[PDB]
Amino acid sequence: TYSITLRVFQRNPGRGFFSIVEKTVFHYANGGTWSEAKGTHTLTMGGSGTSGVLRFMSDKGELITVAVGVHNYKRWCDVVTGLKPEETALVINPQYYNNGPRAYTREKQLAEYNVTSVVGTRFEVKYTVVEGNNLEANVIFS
């Protein structure tokens, strides 16, 4: 099994406050499950080769997704911003597979990624434990 445990940091009240509105798990590698403990979020997966997505909405209406997973035994991540209401995590998660338009990002096996949305919100995913089967990352909104 692989697990990825996420801690969500929110830095700047001027951007609003984000909460989870959707959590998906892709079906490869015997799937997996999201759980919550002590304010953190863990994605537990049946092996290497799958992922999950958290979609967040701010109290100012902004929609963004955070994807994390393991590809060929190495962690990966992505953040997609500027989403329309119909672009749910259910739409987004599969786009990393089956030659979809986000596969290239999974293939990078990134330990960190940064993006600013068009409306000016900074997002970062930074793995703090980057190797092995019990991975850890901070997700930072600013």
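In this text, residue numbers run from 1 along the sequence as written.
Look at the C-alpha B-factors of 7-15 and of 20-28. On average they run higher in 7-15. Across the two stretches, 96-104 and 66-74, the PDB entry reports the greater mean Cα temperature factor for 96-104. Within the group 57, 37, 45, 89, the record's highest C-alpha temperature factor is found at 37. The PDB entry assigns residue 82 a C-alpha temperature factor belonging to the highest third of its chain's modelled residues. When all modelled residues of the chain are sorted by CA temperature factor, residue 49 is found within the middle third.
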